[PDB]
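Working through the structure, step by step
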Amino acid sequence: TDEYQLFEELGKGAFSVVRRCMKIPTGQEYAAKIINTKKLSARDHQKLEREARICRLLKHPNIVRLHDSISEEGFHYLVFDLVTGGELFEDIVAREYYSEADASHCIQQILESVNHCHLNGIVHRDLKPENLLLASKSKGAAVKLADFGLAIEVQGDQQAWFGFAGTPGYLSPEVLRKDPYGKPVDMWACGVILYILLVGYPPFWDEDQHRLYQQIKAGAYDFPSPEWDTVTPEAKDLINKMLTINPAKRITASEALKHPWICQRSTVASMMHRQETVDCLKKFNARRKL
Ligand SMILES: CCN(CC)[C@@H](C)CNC(=O)c1cc(-c2cnn3ccc(-c4cccs4)nc23)nc(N2CC(O)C2)c1
């Protein structure tokens, strides 16, 4: 607290807040994720050091950029370069024109961030809309993957039981079966996110969490009419490759970047405005706040 001035709250985590801050000598603005100590558990300092270590490692145009890590008695401070564009999903629902080409561009940037994690031995484990930020429209509006509080370090392509973590709507079948897992769990979540980007509601849902899990473990998603009839088959195909329940057969981020809907978007992705997706996304966002 000797070096930064804190300003307004930007968002909330389970045991954290993110506030805009300024380094008092330089006048430079940043964002500080401030992790509280309400909950104390066995390996606290190992978890905090891991999050900082993973954040220090990852330097990519589509990943948040760590500046400093500061340990205090009651709080821990992870200081990042500030991005001012807000959450991706809140940006989309404010658009007046939003098409498959726009979803494809978003997913491509997400895929670049996820591929960069995996090449560096990092599994994020908590890919979800609220962890996707935006650089300012004045700065190019690059998608920024954020919050590595749940992320793990893996040795190459070796897989193991790394614990139960993540967000229910985005959990992978291998995690719900308590099977060993790894990098593919992020491509599963990427597939859930892509589905929502196209029609504005999730592929797996039930107010009963037990039935939600049963649906994920079955991998039983579909493309109902009429809203999916206007979606290109190539977009559906990419979802199919990400949402296969055998993680061995799931497309990797490096492969997904070569999918025609991603890398030939001007000729493969539809340019039709999807106003129903905007309408449903607004509801989707509002429910997740409550
Ligand atoms: C992302 C995870 N959060 C829970 C912790 C979600 C659930 C809630 N939202 C926010 O935390 C949020 C964050 C930021 C923000 C701006 N620079 N920056 C730089 C680094 C980081 C982070 C690094 C590691 C974790 S966050 N975050 C930011 N800007 C926001 N917005 C809304 C307003 O329009 C500007 C909202």
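Residues numbered from 1 in each chain as written, not as in the entry; some residues may be left out. Heavy atoms only, no water.

1. Quick word on the domain arrangement of the protein
Note: interface size is frequently given as the accessible area lost on complex formation between the parts. Split by domain assignment, the protein resolves into domain 1 (1-82) and domain 2 (83-290). The C-alpha-based centres of domain 1 and domain 2 are spaced at 25 Å. Taken together, the 16 residues of domain 1 in the interface contact 21 residues of domain 2. Two residues, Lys-33 and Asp-147, come together in a salt bridge whose shortest N-O distance is 2.7 Å. Seen at the junction of domain 1 and domain 2, the total is 7 residue pairs in polar contact. With 6 residues, helix 1 (residues 44-57) is the largest single contributor of residues to the side of domain 1 that touches domain 2. Considering only residue class, the side of domain 1 that touches domain 2 consists of 8 nonpolar, 2 polar and 6 charged. (Domains from an automatic or database assignment. Contact = heavy atoms within 4.5 Å. Salt bridge = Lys/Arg side-chain N within 4 Å of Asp/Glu carboxyl O. Polar contact = N/O pair within 3.5 Å; in protein donor to acceptor, adjacent residues only side chain to side chain. Helix = DSSP H or I, 4+ residues; strand = E, 2+ residues; numbered from the N terminus. Nonpolar A, V, L, I, M, F, W, Y, C, P; charged D, E, K, R; others polar.)

2. Some thoughts on the packing of helix 3 (residues 100-119) against helix 5 (residues 184-199)
Axis separation between helix 3 and helix 5 bottoms out at 10 Å; the angle between their running directions is 165°. Classified by the interaxial angle, the pair formed by helix 3 and helix 5 is roughly antiparallel. Crossing geometry of helix 3 relative to helix 5 is assigned as right-handed. Of the residues in helix 5, those in contact with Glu-100, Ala-103, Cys-106, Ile-107, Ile-110, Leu-111, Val-114 and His-118 of helix 3 are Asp-186, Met-187, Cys-190, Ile-193, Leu-194, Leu-197 and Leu-198. Residues of the contact of helix 3 with helix 5, tallied by class, amount to 12 nonpolar, 1 polar and 2 charged. (Axes fitted to C-alpha atoms, helices over the stretch in contact; angles between N-to-C directions. Parallel < 35°, antiparallel > 145°, perpendicular 65-115°, else oblique. Left-handed = near helix turned anticlockwise from the far one by under 90°.)

3. Here we look at unusual backbone geometry
Look at the link from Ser-225 to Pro-226: it is a cis peptide, with omega at 0°. Along the chain, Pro-226 falls in the loop between helix 6 (209-218) and helix 7 (233-242). Positive phi outside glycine occurs at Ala-141, with the angle close to 65°. By the secondary structure assignment, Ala-141 is in the loop between strand 7 (132-134) and strand 8 (143-145). We note that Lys-178 has phi near 60°; this positive angle belongs to a residue other than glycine. Position of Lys-178 relative to the elements: it lies in the loop between helix 4 (173-176) and helix 5.

4. What to know about helix 1
Given a rise of 1.5 Å per residue, 14 residues ought to cover 20 Å, and the 20 Å separating the end C-alpha atoms of helix 1 matches this to within 8%. All buried positions along helix 1 are accounted for by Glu-51, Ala-52, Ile-54 and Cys-55. Angular distribution of buried residues about the axis of helix 1 spans 165°; they occupy a single face of the element. Structurally, helix 1 contributes buried residues whose contacts are with strand 3 (28-36), strand 4 (66-71), strand 5 (75-81), strand 6 (122-123) and strand 9 (152-153). (Expected span 1.5 Å × (residues − 1). Buried < 20%, exposed > 50% of the residue type's maximum accessible area, 1.4 Å probe, protein only. Arc of directions from axis to C-beta.)

5. As for the packing of helix 5 against helix 7
Running from amino to carboxyl end, helix 5 crosses helix 7 at an angle of 150°, the nearest separation of the two axes being 8 Å. By the angle class used here, helix 5 and helix 7 are roughly antiparallel. Handedness of the crossing formed by helix 5 with helix 7: left-handed. Within the contact between the two elements, helix 5 uses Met-187, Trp-188, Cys-190, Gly-191, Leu-194, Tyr-195 and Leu-198 and helix 7 uses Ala-235, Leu-238, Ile-239 and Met-242. Of the residues assigned to the contact of helix 5 with helix 7, the class counts are 10 nonpolar, 1 polar and no charged.

6. Observations concerning the UniProt feature "binding site: ATP" in the protein
When the UniProt feature table is mapped to this numbering, "binding site: ATP" covers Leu-10, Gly-11, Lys-12, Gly-13, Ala-14, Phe-15, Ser-16, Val-17, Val-18 and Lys-33. For the residues just named, distributed over 24 residues, the greatest C-alpha separation is only 14.3 Å, placing them together at one site. Along the chain, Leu-10 falls in strand 1 (residues 4-13). The exposure class assigned to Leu-10 is partly exposed, which follows from its relative accessible area of 44%. Excluding anything up to four places from it in sequence, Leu-10 contacts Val-18, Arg-19, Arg-20, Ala-31 and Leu-82. On the basis of relative accessibility, which here comes to 9%, the residue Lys-33 falls in the buried class. Discounting residues that sit within four places of it in the chain, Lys-33 has contacts with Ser-16, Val-17, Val-18, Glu-51, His-76, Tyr-77, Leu-78, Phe-80, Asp-147 and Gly-149. Separated by 2.7 Å, the side chains of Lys-33 and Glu-51 make a polar contact. (UniProt positions renumbered as here; feature names shortened; annotations may be inferred.)

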